[PDB]
Amino acid sequence: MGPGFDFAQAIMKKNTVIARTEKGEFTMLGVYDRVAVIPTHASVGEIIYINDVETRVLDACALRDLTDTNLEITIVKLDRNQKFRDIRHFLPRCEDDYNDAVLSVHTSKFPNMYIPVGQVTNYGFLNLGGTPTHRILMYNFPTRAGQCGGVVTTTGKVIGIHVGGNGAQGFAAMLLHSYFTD
């Protein structure tokens, strides 16, 4: 409807796949080469389904900060025959607050879904499902079950992936450029 939704759509159309694990279907952001991200609660194993194709996982790393606190991001390398468009230049370098973000989801349950969530706070610490978690972004949108993995963008930046909510607010794990130095 506007330039925020334009940037979000461009990311969804080229840099997302549907990932299925034993814990459900997730929006999965491809970042570069065969490297994607997903919430750590997806419990990625040795095999994952990518757009309903059986795919070997070559590597999976549940990220933690240097205090050994959960970040709720898993970086996955996929045994896929095709590379993602490299979008690392759209990742922020530092922790920050944002104006006017969009949360975008693409699954069997929620195809082509875009939500204007508004202002995004650098919230920091969250007890997420009982797990102490750092680098959380917060937006005042009542996010529902099934949006985990959704991509959070502003115009020109891919800033996080949706990892939970409390019924009134939604929470995303930060994406930082330093996670994807090869």
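Please note: Cβ atoms are built from the backbone with ideal geometry, for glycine as well, and neighbour counts cover all protein chains shown. Each answer follows from the model by the rule given with it, or from the source it names; no laboratory instrument gave them.
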Can you spot a residue in segment 38-56 that is surrounded by 15 or more Cβ atoms within 10 Å (Cβ to Cβ), of a type in the set (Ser, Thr, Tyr), in contact with a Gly (Cβ under 9 Å, 6 or more places away or on another chain) and farther than 16 Å from residue 162 by Cα? no
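Here is a yes/no grid of residues against (1) acidic (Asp, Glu); (2) assigned by CATH to the domain that holds residue 181; (3) loosely packed, with under 14 Cβ neighbours inside 10 Å:
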| site | (1), (2), (3) |
| --- | --- |
| 30 | no, no, no |
| 36 | no, no, no |
| 90 | no, yes, no |
| 94 | no, yes, yes |
| 103 | no, yes, no |
Given the conditions (1) exposed (fewer than 13 other Cβ atoms within 10 Å of the Cβ); (2) assigned to a strand (DSSP E or B); (3) in the same structural domain as residue 37 (by CATH), which single one is not true for residue 61? (1)
Output the residues belonging to segment 79-109 that are of a type in the set (S, T, N, Q), farther than 17 Å from residue 27 by Cβ and outside any loop (DSSP other than H, G, I, E, B). 99
Of the residues in segment 64-78 that are within 17 Å of the chain's Cα centre (by Cα) and farther than 16 Å from residue 176 by Cβ, the one that is surrounded by the fewest Cβ atoms within 10 Å (Cβ to Cβ) is 77
